[PDB]
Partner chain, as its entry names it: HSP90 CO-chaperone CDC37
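Below you will find one chain, with nothing else, as structure tokens; this is the form deposited without the partner chain, and questions on how it binds or moves follow later.
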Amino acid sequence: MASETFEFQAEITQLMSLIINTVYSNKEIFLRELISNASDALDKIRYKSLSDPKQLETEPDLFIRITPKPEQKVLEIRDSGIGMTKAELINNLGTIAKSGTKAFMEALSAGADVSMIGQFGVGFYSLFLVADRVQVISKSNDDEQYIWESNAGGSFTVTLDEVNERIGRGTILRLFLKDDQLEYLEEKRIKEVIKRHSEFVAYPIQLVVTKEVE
């Protein structure tokens, strides 16, 4: 499949550099942000299903699932929420600077906790705390499955997905972790972060653990 390439709005590039280069601790907050996002997407499909219950048939179980892939230095955060169409990915993940982008950068620079990023509506970008590359793989009931991809540089690509597992419906955040952030592949560390910062989640959070049979 041929990829389409898009330039990030300048303010989003600025934001990504600020997060990549300027913040030094409490990097674990990325997980609470991505779980909150996943929870929002699940709320949206649950709400939609109230008056359109057939919307659930593409994936009847509502869940958040976290999968460390230590060989690839990858952490995946999956939800069976509403998902995003190709146009939604292009419009919401880089071409248009959302309300809050500039406000957050100003707040961070004046000394706000990076943990406040979610209150500005740009917490997705907190993944660049631990990752230097990301794929967002998404399946809306209203479109085909698509892959958005960024390498923390100034452009991103969107490509029709003929390479990943079918998700019935929903989204996978595939984070390619930095070498100094591989603690986030460890079962105990993930459980710790979830229990400490994501205590009030309405959906089950599943952790996929790969272990050698002795």
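Definition used throughout: the rigid core is the maximal C-alpha set that superposes within 1.5 Å between two forms. Numbering follows the first chain given and starts at 1.
The following text describes the form solved in complex with the partner chain, which does not appear among the structures shown.
- Put simply, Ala87 is far from the partner chain in the deposited complex: not one heavy atom of it is within 4.5 Å.
- Although the partner is absent here, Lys73 lies well away from the partner chain in the deposited complex, with no heavy atom inside 4.5 Å.
- Of the heavy atoms in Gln181, none are within 4.5 Å of the partner chain in the deposited complex.
- Proximity of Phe120 to the partner chain in the deposited complex falls within the 4.5 Å heavy atom cutoff.
- Against the partner chain in the deposited complex, the set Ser99, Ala107 and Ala112 is in full contact: each member has a heavy atom within 4.5 Å.
- A 2 Å or larger CA shift between the shown form and the other one, after fitting on the rigid core, occurs at just one of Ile90, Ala97, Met105, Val74, namely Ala97.
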